[PDB]
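Engineer: Got a structure for you, written out below as structure tokens; questions coming shortly.
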Amino acid sequence: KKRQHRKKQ
Amino acid sequence: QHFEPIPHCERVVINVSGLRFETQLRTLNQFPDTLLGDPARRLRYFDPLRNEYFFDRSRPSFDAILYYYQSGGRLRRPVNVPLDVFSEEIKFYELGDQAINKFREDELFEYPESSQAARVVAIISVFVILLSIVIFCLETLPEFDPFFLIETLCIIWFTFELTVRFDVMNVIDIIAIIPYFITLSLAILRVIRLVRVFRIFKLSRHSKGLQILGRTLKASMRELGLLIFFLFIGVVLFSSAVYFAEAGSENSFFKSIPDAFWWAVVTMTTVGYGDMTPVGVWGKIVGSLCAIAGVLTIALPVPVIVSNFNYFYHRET
Amino acid sequence: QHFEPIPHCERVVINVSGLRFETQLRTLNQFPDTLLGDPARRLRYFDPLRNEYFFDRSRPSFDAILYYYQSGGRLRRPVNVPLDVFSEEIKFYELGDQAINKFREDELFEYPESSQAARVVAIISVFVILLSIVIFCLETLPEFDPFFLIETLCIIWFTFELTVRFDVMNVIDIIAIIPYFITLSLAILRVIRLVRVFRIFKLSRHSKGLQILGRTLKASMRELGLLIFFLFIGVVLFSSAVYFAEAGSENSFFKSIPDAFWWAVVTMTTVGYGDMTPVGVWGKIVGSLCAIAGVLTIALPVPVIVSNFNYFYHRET
Amino acid sequence: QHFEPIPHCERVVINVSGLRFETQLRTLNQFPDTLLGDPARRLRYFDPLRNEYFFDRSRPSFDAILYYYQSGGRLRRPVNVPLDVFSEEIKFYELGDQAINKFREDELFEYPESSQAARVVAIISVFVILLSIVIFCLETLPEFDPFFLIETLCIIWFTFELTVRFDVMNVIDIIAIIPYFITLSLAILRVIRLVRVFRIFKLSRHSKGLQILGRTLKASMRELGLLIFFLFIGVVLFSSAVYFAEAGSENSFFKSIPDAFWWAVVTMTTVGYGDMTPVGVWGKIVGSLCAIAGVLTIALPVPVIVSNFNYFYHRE
Amino acid sequence: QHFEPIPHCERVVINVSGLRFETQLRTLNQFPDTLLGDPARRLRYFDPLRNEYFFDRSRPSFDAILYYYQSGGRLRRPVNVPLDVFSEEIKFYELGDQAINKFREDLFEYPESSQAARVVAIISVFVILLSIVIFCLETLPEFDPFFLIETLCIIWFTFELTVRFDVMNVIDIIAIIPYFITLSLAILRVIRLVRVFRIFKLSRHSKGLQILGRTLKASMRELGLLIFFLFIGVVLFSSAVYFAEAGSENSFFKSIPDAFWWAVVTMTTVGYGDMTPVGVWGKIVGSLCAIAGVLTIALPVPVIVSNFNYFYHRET
Amino acid sequence: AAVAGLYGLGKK
Ligand SMILES: [K+]
Ligand SMILES: [K+]
């Protein structure tokens with residue numbers, strides 16, 4: 001979980 | 001569903017700062033208006049020497065822009081760039097107000113405001129709400145007119161704020177003052193003195209987190225219903241099992257399946273029933289199974305609500 | 001395993017809307033049929049002026065299409081585009097029904113319908129199931145013909161529905177009606193009265209979420225077995241430790257190691273045992289270790305189960 | 001907000017090992033200094049044969065470099081390359097000390113440093129802290145000069161360390177020794193003998209993980225406050241509900257709503273109250289609802305704190 | 001740290017199925033051997049008509065392959081392709097066994113079960129389960145017949161151990177040491193307790209148990225952090241609850257250590273049971289203890305969870 | 001259980 005993480009994009 | 005163009009008039013080349021794009025003119029003809037749709041807004045970018053269209057802008061983001069023409073109505077942001085840069089890219093070509101709006105969803109009266117003079121009004125309302133809650137809790141105490149005066153002052157402030165203001169916020173404001181005027185079979189009295197607690201929900205107007213929680217509940221009502229259904233099924237099953245474990249035993253701990261219902265709950269939620277000795281071996285096995293199944297059936301639905309709350313909380317900030 | 005062609009007949013160029021691809025004809029001739037596999041379906045896209053194949057479609061998704069030819073049978077969607085674009089991307093070239101189907105796995109009869117006259121039957125069935133559950137839980141009460149008539153009406157409805165209909169749903173329907181006909185040693189009677197509760201599982205036919213839970217359990221049987229095994233190991237170890245901590249003290253709280261099993265359980269799942277005073281310091285240390293290890297062992301395997309539930313829930317919607 | 005250039009003098013081509021980039025010179029001259037900003041530092045890479053700029057480096061990472069000129073101040077790392085290659089690539093062109101620094105935020109005196117054989121001092125300090133904690137706990141026992149001597153030795157060591165040393169660490173160091181010197185109504189005495197426990201926080205200077213916990217608390221104070229607010233709302237609501245469910249029954253289990261508060265807590269956190277029999281059916285329903293809502297309100301805000309702690313721990 | 005080449009002999013062009021790459025020959029000369037490092041293994045791919053290097057393979061994976069030449073020793077897989085294709089791409093160019101191992105790091109029938117030892121294993125599992133059952137049953141109050149089965153199990157265990165001849169062997173030795181010991185009562189109690197270690201022999205036959213052991217070995221640090229946090233919380237909250245109740249007659253807690261257990265069953269949400277004789281301040285301290293316990297358990301455990309998940313998926 | 005969290009799969 002990060003900012004603009006691979007899960008989100 | 002969208003329509004894609006098919007080949008066989010003339011082909012054109014688009015040079016997005018060295019990345020050459022070649023498409024049929026019919027594809028550019030598909031969407032009227034727009035910078036690239038009509039010659040009027042794109043003639044300035046034509047290069048007479050090279051017969052090419054030059055757009056000295058971001059190269060990786062032009063693929064989605066071309067795919068809009070390619071797919072004829074589909075705009076999806078590729079996962080290689082932040083949303084900030086892509087928002088500016090679509091504005092450059094002016095794809096259309098409807099197109100941009102569709103992608104947006106893809107991801108006195110001074111009281112309802114926040115100014116220098118509205119802040120004191122808000123803090124006064126918060127203090128009054130907290131005072132009303134405190135007076136409620138203390139008037140329920142066994143040690144106890146002095147409470148009635150504070151209660152009626154809070155009610156006058158609440159109704160004054162409601163009248164000045166005039167969804168769900170107004171409904172909560174109304175319900176917070178209905179019971180006071182109701183007082184002006186003891187079951188109805190108990191119900192109204194219970195619904196007096198709804199004044200605590202007036203903090204939603206002044207707390208940002210509480211509104212986030214409300215939005216999360218509204219979004220995940222389906223998951224809440226699924227969790228309640230799973231809990232009900234588990235409670236019924238394990239109550240039946242634990243009752244029939246002691247059915248053949250004398251001096252049964254559980255008189256009936258509904259009696260065991262509470263027990264099942266405090267085992268599915270891992271709260272704990274307390275005294276557990278008079279239960280035999282089979283009841284203990286059923287209890288262990290109930291504990292495991294409760295852990296599972298609580299851990300399954302919650303993460304969806306967790307994700308909804310996280311999304312709402314991070315979208316707020 | 002897949003076979004990749006090796007170089008040294010003639011080379012051809014593929015132009016995906018400006019993105020030039022060069023590939024040996026032997027690689028293109030590996031796969032028969034298909035838009036590019038045979039000259040019949042790809043001569044229409046030939047450009048006599050430039051001797052090039054022009055494909056005015058999505059640039060980024062052609063890499064996987066060529067890699068399917070390159071690897072000679074290996075096709076995987078790169079993580080740069082959504083699934084909708086890639087699904088339609090393959091249909092353009094018609095790589096083959098078997099190739100597309102293989103990629104899909106990579107990611108009267110008036111009752112089983114949704115007609116206007118079928119929803120009433122479904123609502124009657126679910127109402128009857130709920131009524132049967134209620135009648136069961138009320139007939140088990142100490143305060144109690146009136147229940148037998150309702151039970152036999154529910155059984156008649158269940159048998160009528162089963163006969164009209166005529167996996168696992170049919171097994172559940174059979175089990176929900178076996179015990180009533182069975183009644184027409186006390187251990188067998190207790191077992192049949194217990195298995196009567198399986199009528200609650202008939203809601204799976206009408207509940208979408210319950211089928212999702214069943215599919216999740218079927219998928220994660222292995223993780224469930226792992227969790228049960230870990231629980232058994234922990235229970236045995238900690239029950240033995242806590243029993244041997246009180247071996248040397250008179251009036252031992254635990255008479256034997258099996259006697260302690262229940263305690264261990266309600267400490268691993270954090271349910272709680274209740275009274276804990278007659279336990280010495282070593283027993284308390286063992287209990288603290290048991291609580292920590294139980295938290296860890298119940299936390300370890302459930303991510304997989306909840307991820308499977310998430311996947312099934314999202315696939316359903 | 002950032003400003004981007006607009007077209008209409010001469011355009012140039014950049015060849016990043018075969019990936020040709022064509023950009024307007026006005027874009028290149030937007031940022032002074034830098035390898036590409038001035039002709040002095042970029043004439044070396046010019047190719048007279050083809051009039052092209054050759055930069056034999058990582059192709060995928062040049063898009064961010066050009067976009068920085070394109071956006072005129074916005075430099076964002078695309079998610080296609082590791083952090084190591086991007087940090088080295090930007091240093092090649094010397095984008096600017098302020099520019100690189102801005103991107104960094106996007107993602108005796110022997111005691112403080114445990115080097116030069118001073119780790120012995122640290123282990124002695126840890127041993128003294130543990131001994132002080134043990135002596136405190138043992139002196140609270142009913143079975144009990146021998147404790148006072150050890151306690152005052154620990155206090156002398158603590159004050160010697162604090163004085164030779166001379167933030168939150170210093171505040172904790174001072175608080176760990178205030179109560180001993182204070183003792184040289186009984187409510188104040190109870191408060192000081194309670195705050196004497198703050199010597200356990202002295203391990204912060206030596207334990208790396210506890211500093212991570214402190215940083216996580218500082219970062220997620222807002223989420224902790226939100227969790228406390230949710231718990232308070234739920235406790236008040238369910239305490240009122242359960243109390244009013246027992247109003248009409250004689251020998252009520254809960255005498256008042258505040259009395260029920262504690263119960264609500266042990267049902268919201270799923271700890272357990274214990275004896276629960278004298279509660280009627282309505283109270284049992286309220287308790288089940290309280291347990292479920294407590295599970296919900298505990299599970300909602302804890303992932304943020306968990307993520308913050310994980311990020312800090314794995315960054316350390 | 002790795003070395004990158006610097007410009008000024010002749011530059012060569014690489015055509016990866018239409019994706020043109022241009023690099024300095026010195027960059028390819030940096031690594032000896034390899035398909036592209038030496039002319040012997042790459043002259044076959046030369047195109048005399050175009051003077052180009054043609055490599056009809058996956059285009060997106062050549063960026064990392066070239067970056068290995070570019071970085072002079074750093075090979076990182078970009079997030080655009082699965083790991084299966086990258087392993088095939090690197091094998092084509094034969095970068096080097098040492099280089100590929102970097103990404104790699106990124107009678108006697110008992111171990112290898114082959115048909116007949118597929119039974120021996122089931123007999124061993126059955127014997128282990130039987131020994132556990134005999135242990136638990138002989139601890140019952142109602143109970144030679146148990147000793148015979150115990151000695152048969154020990155005979156089988158020692159036969160297997162001596163035929164076989166890490167940690168599995170250590171556990172096997174421990175599972176039979178106490179039986180041979182029997183051939184102050186504190187030592188007797190200790191050996192009868194350590195007799196339970198026979199339950200760990202299932203590690204040889206259970207795949208999940210080995211995964212759990214590997215997870216513990218990997219996350220020993222996180223386990224220690226969790227234990228430290230729990231200890232700090234227990235000490236703090238036990239001291240607080242003791243001092244919140246010392247001033248009342250007939251105090252529930254006699255001393256801070258006496259409260260330790262309570263603190264534990266409040267941090268882990270197990271529950272203590274009876275809670276009435278504690279006053280308002282004790283109840284507030286207990287609520288704070290419960291909340292802090294939820295936080296301190298939810299903080300480090302997910303790291304161990306992540307380690308276990310990774311090991312479980314790596315096994316399968 | 002109050003964890004109810006997946007998070008990143010972990011190191012490599
Ligand atoms: K509990
Ligand atoms: K619990």
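Residues are referred to by chain and number: the chain letter is A, B, ... according to the order shown in the structure tokens, the number counts from 1 in that chain, and ligands are numbered separately from 1 in the order shown.
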Could you pull the residues within 12 Å of range 152-155 of chain C, counting only C-alpha atoms, minus those fewer than 6 positions along the same chain, as number ranges by chain?
Structural biologist: C: 124-136, 145-146, 161-162, 173-181, 183-184, 196, 199
Engineer: Keeping N, CA and C atoms, export the residues of the selection given above as a PDB file, in the first residue's frame.
Structural biologist:
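And here is the file that came out, part-v2.pdb:
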ATOM      1  N   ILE C 124     -42.483 -17.023  -1.891  1.00  0.00           N
ATOM      2  CA  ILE C 124     -43.218 -18.003  -1.097  1.00  0.00           C
ATOM      3  C   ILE C 124     -42.268 -19.048  -0.531  1.00  0.00           C
ATOM      4  N   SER C 125     -41.317 -19.514  -1.343  1.00  0.00           N
ATOM      5  CA  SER C 125     -40.376 -20.523  -0.871  1.00  0.00           C
ATOM      6  C   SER C 125     -39.516 -19.993   0.269  1.00  0.00           C
ATOM      7  N   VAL C 126     -39.007 -18.766   0.139  1.00  0.00           N
ATOM      8  CA  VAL C 126     -38.161 -18.222   1.197  1.00  0.00           C
ATOM      9  C   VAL C 126     -38.981 -17.951   2.454  1.00  0.00           C
ATOM     10  N   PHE C 127     -40.233 -17.510   2.293  1.00  0.00           N
ATOM     11  CA  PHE C 127     -41.100 -17.323   3.448  1.00  0.00           C
ATOM     12  C   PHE C 127     -41.364 -18.647   4.150  1.00  0.00           C
ATOM     13  N   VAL C 128     -41.573 -19.716   3.381  1.00  0.00           N
ATOM     14  CA  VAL C 128     -41.805 -21.029   3.973  1.00  0.00           C
ATOM     15  C   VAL C 128     -40.564 -21.512   4.711  1.00  0.00           C
ATOM     16  N   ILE C 129     -39.380 -21.284   4.141  1.00  0.00           N
ATOM     17  CA  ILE C 129     -38.146 -21.684   4.817  1.00  0.00           C
ATOM     18  C   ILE C 129     -38.002 -20.946   6.143  1.00  0.00           C
ATOM     19  N   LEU C 130     -38.234 -19.630   6.126  1.00  0.00           N
ATOM     20  CA  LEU C 130     -38.136 -18.853   7.357  1.00  0.00           C
ATOM     21  C   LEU C 130     -39.169 -19.308   8.380  1.00  0.00           C
ATOM     22  N   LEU C 131     -40.388 -19.598   7.922  1.00  0.00           N
ATOM     23  CA  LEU C 131     -41.427 -20.081   8.823  1.00  0.00           C
ATOM     24  C   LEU C 131     -41.044 -21.420   9.434  1.00  0.00           C
ATOM     25  N   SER C 132     -40.429 -22.301   8.646  1.00  0.00           N
ATOM     26  CA  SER C 132     -39.994 -23.588   9.178  1.00  0.00           C
ATOM     27  C   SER C 132     -38.912 -23.410  10.234  1.00  0.00           C
ATOM     28  N   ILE C 133     -37.954 -22.515   9.984  1.00  0.00           N
ATOM     29  CA  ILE C 133     -36.913 -22.254  10.979  1.00  0.00           C
ATOM     30  C   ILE C 133     -37.529 -21.713  12.263  1.00  0.00           C
ATOM     31  N   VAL C 134     -38.464 -20.770  12.131  1.00  0.00           N
ATOM     32  CA  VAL C 134     -39.118 -20.194  13.302  1.00  0.00           C
ATOM     33  C   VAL C 134     -39.898 -21.263  14.056  1.00  0.00           C
ATOM     34  N   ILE C 135     -40.608 -22.127  13.331  1.00  0.00           N
ATOM     35  CA  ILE C 135     -41.381 -23.180  13.977  1.00  0.00           C
ATOM     36  C   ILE C 135     -40.464 -24.132  14.725  1.00  0.00           C
ATOM     37  N   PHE C 136     -39.306 -24.448  14.148  1.00  0.00           N
ATOM     38  CA  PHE C 136     -38.326 -25.274  14.848  1.00  0.00           C
ATOM     39  C   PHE C 136     -37.893 -24.620  16.157  1.00  0.00           C
ATOM     40  N   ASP C 145     -49.764 -30.156  18.497  1.00  0.00           N
ATOM     41  CA  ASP C 145     -50.564 -30.141  17.276  1.00  0.00           C
ATOM     42  C   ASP C 145     -50.379 -28.875  16.422  1.00  0.00           C
ATOM     43  N   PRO C 146     -50.514 -27.673  17.009  1.00  0.00           N
ATOM     44  CA  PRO C 146     -50.386 -26.464  16.173  1.00  0.00           C
ATOM     45  C   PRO C 146     -49.046 -26.359  15.469  1.00  0.00           C
ATOM     46  N   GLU C 161     -41.932 -28.919  -4.173  1.00  0.00           N
ATOM     47  CA  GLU C 161     -40.910 -28.192  -4.917  1.00  0.00           C
ATOM     48  C   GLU C 161     -39.832 -29.135  -5.435  1.00  0.00           C
ATOM     49  N   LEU C 162     -39.390 -30.074  -4.596  1.00  0.00           N
ATOM     50  CA  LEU C 162     -38.364 -31.020  -5.020  1.00  0.00           C
ATOM     51  C   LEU C 162     -38.856 -31.901  -6.161  1.00  0.00           C
ATOM     52  N   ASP C 173     -31.722 -30.192  -0.294  1.00  0.00           N
ATOM     53  CA  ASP C 173     -33.176 -30.336  -0.307  1.00  0.00           C
ATOM     54  C   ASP C 173     -33.601 -31.717   0.178  1.00  0.00           C
ATOM     55  N   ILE C 174     -32.862 -32.759  -0.206  1.00  0.00           N
ATOM     56  CA  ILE C 174     -33.171 -34.109   0.261  1.00  0.00           C
ATOM     57  C   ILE C 174     -33.013 -34.198   1.773  1.00  0.00           C
ATOM     58  N   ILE C 175     -31.917 -33.640   2.295  1.00  0.00           N
ATOM     59  CA  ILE C 175     -31.656 -33.698   3.729  1.00  0.00           C
ATOM     60  C   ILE C 175     -32.704 -32.912   4.501  1.00  0.00           C
ATOM     61  N   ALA C 176     -33.188 -31.806   3.936  1.00  0.00           N
ATOM     62  CA  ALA C 176     -34.170 -30.987   4.636  1.00  0.00           C
ATOM     63  C   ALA C 176     -35.511 -31.690   4.806  1.00  0.00           C
ATOM     64  N   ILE C 177     -35.759 -32.772   4.072  1.00  0.00           N
ATOM     65  CA  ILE C 177     -37.027 -33.488   4.159  1.00  0.00           C
ATOM     66  C   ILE C 177     -36.875 -34.914   4.663  1.00  0.00           C
ATOM     67  N   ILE C 178     -35.657 -35.456   4.723  1.00  0.00           N
ATOM     68  CA  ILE C 178     -35.480 -36.818   5.235  1.00  0.00           C
ATOM     69  C   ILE C 178     -35.979 -36.982   6.669  1.00  0.00           C
ATOM     70  N   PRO C 179     -35.595 -36.138   7.637  1.00  0.00           N
ATOM     71  CA  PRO C 179     -35.958 -36.432   9.034  1.00  0.00           C
ATOM     72  C   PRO C 179     -37.450 -36.498   9.295  1.00  0.00           C
ATOM     73  N   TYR C 180     -38.262 -35.687   8.611  1.00  0.00           N
ATOM     74  CA  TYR C 180     -39.702 -35.745   8.841  1.00  0.00           C
ATOM     75  C   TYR C 180     -40.260 -37.111   8.472  1.00  0.00           C
ATOM     76  N   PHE C 181     -39.844 -37.651   7.326  1.00  0.00           N
ATOM     77  CA  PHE C 181     -40.275 -38.987   6.943  1.00  0.00           C
ATOM     78  C   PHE C 181     -39.642 -40.061   7.814  1.00  0.00           C
ATOM     79  N   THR C 183     -39.274 -39.917  11.071  1.00  0.00           N
ATOM     80  CA  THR C 183     -40.130 -40.051  12.244  1.00  0.00           C
ATOM     81  C   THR C 183     -41.405 -40.831  11.949  1.00  0.00           C
ATOM     82  N   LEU C 184     -41.799 -40.940  10.684  1.00  0.00           N
ATOM     83  CA  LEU C 184     -43.003 -41.677  10.327  1.00  0.00           C
ATOM     84  C   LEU C 184     -42.657 -43.048   9.761  1.00  0.00           C
ATOM     85  N   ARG C 196     -32.268 -31.902  11.518  1.00  0.00           N
ATOM     86  CA  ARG C 196     -33.407 -31.124  11.042  1.00  0.00           C
ATOM     87  C   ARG C 196     -33.050 -29.662  10.797  1.00  0.00           C
ATOM     88  N   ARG C 199     -32.433 -27.343   7.233  1.00  0.00           N
ATOM     89  CA  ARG C 199     -33.385 -26.569   6.449  1.00  0.00           C
ATOM     90  C   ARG C 199     -32.934 -25.128   6.261  1.00  0.00           C
TER      91      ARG C 199
END
Engineer: Give me the residues within 10 Å of residue 103 in chain C as a PyMOL selection string, counting only C-alpha atoms and dropping any in the same chain fewer than 5 places off.
Structural biologist: chain C and resi 74-77+87+97-98
Engineer: Just the residues within 10 Å of range 230-243 of chain E, please, counting only C-alpha atoms, with nothing from its chain fewer than 6 positions along; format it as number ranges by chain.
Structural biologist: C: 292; D: 133, 136-137, 140, 190-191, 193-198, 200-201, 203, 210; E: 224, 251-268, 278-279, 281-286, 288-290, 292-293, 296-297
Engineer: Considering only C-alpha atoms, return as a ChimeraX atom specification whatever protein or nucleic-acid residues lie within 12 Å of residue 33 in chain B, sequence-local ones (same chain, fewer than 2 positions apart) excluded.
Structural biologist: /B:28-31,35-42,93-97
Engineer: Please extract the residues at most 9 Å from ligand 2, counting only C-alpha atoms and all ligand atoms, and provide them as a compact mmCIF listing (two decimals) with N, CA, C and O atoms, in the first residue's frame, using the chain letters and residue numbers of this document.
Structural biologist:
# COMPACT_ATOMS: atom_id res chain seq x y z
N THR B 269 -18.62 -13.62 18.03
CA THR B 269 -17.90 -12.36 18.11
C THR B 269 -16.72 -12.42 19.07
O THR B 269 -16.03 -11.41 19.24
N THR B 270 -16.47 -13.57 19.69
CA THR B 270 -15.38 -13.76 20.64
C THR B 270 -15.48 -12.80 21.82
O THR B 270 -14.46 -12.38 22.37
N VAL B 271 -16.70 -12.42 22.20
CA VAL B 271 -16.88 -11.61 23.40
C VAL B 271 -16.68 -12.46 24.64
O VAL B 271 -15.97 -12.07 25.57
N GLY B 272 -17.28 -13.65 24.67
CA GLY B 272 -17.14 -14.53 25.81
C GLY B 272 -18.39 -14.60 26.66
O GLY B 272 -18.95 -13.57 27.04
N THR C 269 -8.62 -18.37 20.60
CA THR C 269 -9.56 -17.56 19.85
C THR C 269 -9.96 -16.29 20.58
O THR C 269 -10.82 -15.55 20.10
N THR C 270 -9.36 -16.03 21.74
CA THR C 270 -9.63 -14.84 22.55
C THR C 270 -11.10 -14.77 22.98
O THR C 270 -11.63 -13.68 23.21
N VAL C 271 -11.76 -15.92 23.07
CA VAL C 271 -13.13 -15.93 23.58
C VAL C 271 -13.15 -15.65 25.07
O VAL C 271 -13.94 -14.84 25.56
N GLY C 272 -12.27 -16.30 25.82
CA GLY C 272 -12.20 -16.08 27.25
C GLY C 272 -12.81 -17.23 28.02
O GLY C 272 -13.85 -17.78 27.63
N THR D 269 -15.07 -3.64 22.29
CA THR D 269 -13.76 -4.20 22.00
C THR D 269 -13.75 -5.72 22.07
O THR D 269 -12.68 -6.33 21.92
N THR D 270 -14.91 -6.35 22.30
CA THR D 270 -15.03 -7.80 22.39
C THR D 270 -14.13 -8.38 23.48
O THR D 270 -13.51 -9.43 23.29
N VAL D 271 -14.06 -7.71 24.63
CA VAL D 271 -13.27 -8.23 25.74
C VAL D 271 -14.10 -9.20 26.58
O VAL D 271 -13.65 -10.30 26.91
N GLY D 272 -15.31 -8.81 26.92
CA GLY D 272 -16.19 -9.67 27.70
C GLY D 272 -16.48 -9.08 29.06
O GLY D 272 -15.58 -8.58 29.76
N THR E 268 -5.10 -8.54 24.88
CA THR E 268 -5.41 -9.54 23.87
C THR E 268 -6.90 -9.77 23.71
O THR E 268 -7.30 -10.66 22.95
N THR E 269 -7.74 -9.01 24.42
CA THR E 269 -9.19 -9.13 24.36
C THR E 269 -9.67 -10.52 24.75
O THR E 269 -10.73 -10.97 24.30
N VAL E 270 -8.90 -11.23 25.57
CA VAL E 270 -9.37 -12.51 26.08
C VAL E 270 -10.49 -12.30 27.09
O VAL E 270 -11.53 -12.95 27.04
N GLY E 271 -10.29 -11.36 28.02
CA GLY E 271 -11.28 -11.10 29.04
C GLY E 271 -10.89 -11.65 30.39
O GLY E 271 -10.36 -12.76 30.48
N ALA F 1 -11.76 -10.67 15.39
CA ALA F 1 -10.41 -10.24 15.03
C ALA F 1 -10.43 -8.82 14.47
O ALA F 1 -11.18 -8.52 13.55
N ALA F 2 -9.59 -7.96 15.04
CA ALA F 2 -9.54 -6.56 14.65
C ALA F 2 -8.50 -6.28 13.57
O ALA F 2 -8.40 -5.13 13.12
